[PDB]
Structure formats: structure tokens, C-alpha cells
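Just one chain follows, in the form deposited in one PDB entry, and it is written as C-alpha cells.
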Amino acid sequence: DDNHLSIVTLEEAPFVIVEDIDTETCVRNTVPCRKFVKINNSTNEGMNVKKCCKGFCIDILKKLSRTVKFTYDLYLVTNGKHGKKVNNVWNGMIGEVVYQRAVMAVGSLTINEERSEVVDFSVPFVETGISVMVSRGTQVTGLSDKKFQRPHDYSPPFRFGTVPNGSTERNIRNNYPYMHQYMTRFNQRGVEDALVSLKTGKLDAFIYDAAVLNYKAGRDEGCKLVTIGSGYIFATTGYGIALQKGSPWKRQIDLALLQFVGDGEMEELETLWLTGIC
């Protein structure tokens, strides 16, 4: 009915963590979420499978459901991740919302201009942007540091990279063309490989999503890996809930999220799921 909402999310620890069902039911702090699971890699055939979801974003969804008073059917997106426009068709979580298969999307979904043209976003509930991680001792400010913009002006020249084909690289390509060209030979397969490169001295700085880097710094064995101060984050933005354009839920979601922030409940979820021992 009008009060029961189709909601899409995406597996991405610690924001959304997916587990197998028990007892046939989802217990503890988990909620039901289903996934359309493909038969094989060469077909559109598949089967809906019952799962259990928990995490930072799931706790947010639970709070919203209680406060704003809606019920939901939660599913995991299967085509894409967060959302990219391919052949002028949106995939991922963004696509589910744009094409009306979900009323909202909840997850580590970054707010930007391109997506905002096709969905409405709640207020940000987690701050992010483009940040920089280094091993303690290494001296840089944020992305706009001349040491990044003109590495050859310094000795030795800085070695720094990102993960290819994501939003950080895309932003750098648009804003700092020489820096982008310079970084290509230092780019990293993924976040894990980047952390090793830093720790083993093969890389001086790793440039990436701020929330991800803060999470990683929080749990670095030895607590030697650190991020720049939040004052230096470039292109500051946030993760937010995506709703359909003109959605009748947006005001209520927004007010609830700001109440949560105001009452310190947001700081509590961050301490629970995001803040590490470092």
C-alpha cells in the first residue's frame, strides 16, 4: 500500500553488510533484504533469494522507518553499484530510483550534481569528499597542494595515486589535468592494495573518498596511516538518501535526518560502525 515502500540498497561493509538467513528469519540487528541472484554469467535468468542486512545505513533506515512511520521491502541492487550513466541509461541504485523500481535508495551513495539532475537527495548524513591518506610523518595538505599539482617542482617528486575508473579519478581528470596524467603510473587496483603500498613505502599518498579513508585510518594496525584534516577535503559533499524527483517523502526524511544529527544519534551510529580504535 501507500505506506509500504520499495527500497534499494547495495552491499558495502560497514555501511551495508549482507548475511545469510538463519530459523528462516532475520534476527539481532539485521533486517530482511532480498537479492535477485543470477543463474550464471551469460543470462538474464535468476532467482530471488532471501538475505539479512545490517550496518550503518541499515540502522539509519530503521530509525527513519520508526520516525517517519513507513514500512519497507528492501532489496539489493544487481545491475551496477551506486549508479553510473551508461549509454544515457542510469544503472545501479540511482537507476532503480530513476526508473521507479525503488522509492528510495539507502547506502554509501555520494551526492553530486549529475545525479541530482535525475533524483532528489536528502540532506547529507555522512560527510565525504576527496581526501588524502599518508603514512604519519609525510607532509601534504589536500588535493590542491602544489606538491600534487606540480610534483616536479619538488625533490624527491611525490608518488601518489588513486583507484582508476572511479569518481576521484574522474574529478581529478576534470580539475587538474597534469596531476591526473602524472598519477596514472601510480594508480592502485583497490583500496587494500593502496594501504599496503603506503605501509611498504612504495607510495607516499593515496587520494580517495574521505569517508572510506577515515574508516580505514581508524582501523590501521599500528595506527600509522592518517588522513589530512577535514578542513582540507576537496569537493566536500555527503552520502545521502536518493528519492524520486518530487517525492512526497523527501521533507519528512530530511527533517528526521536533521533531528537525528541534532540529538547526537548520528554521532552514536558513527561510533558504533565507522569509528575505529585509532
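In this text, the rigid core denotes the largest set of C-alpha atoms whose superposition between the two forms falls within 1.5 Å. When you see a residue number, it is the position in the sequence shown, counting from 1.
In what follows, reference is made to the form deposited in another entry, a form of this protein that is not presented.
> Determine, with the core as the superposition reference, the one member of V103, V98, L76, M183 that shifts its CA by 2 Å or more between this form and the one not shown.
The answer here is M183.
> Align on the rigid core first; then say whether the Cα of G166 has moved by at least 2 Å between this form and the one not shown.
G166 C-alpha, core-superposed: shift of 2 Å or more.
> Look at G222 and decide if its Cα position differs by 2 Å or more between this form and the one not shown after superposing on the rigid core.
Yes; that C-alpha moves by at least 2 Å between this form and the one not shown.
> Comparing between this form and the one not shown on the rigid core: C-alpha of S122 shifted by 2 Å or more?
After core superposition, the C-alpha of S122 moves less than 2 Å between this form and the one not shown.
> Compared with this form, is the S42-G92 Cα separation smaller or larger in that other deposited form, the difference being 3 Å or more?
More distant in that other deposited form, by 3 Å or more.
> A 3 angstroms or greater change in CA distance between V89 and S42 is reported in that other deposited form. Closer or farther than in this form?
Relative to the displayed form, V89 and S42 move farther apart in that other deposited form - a change of at least 3 Å between their C-alphas.
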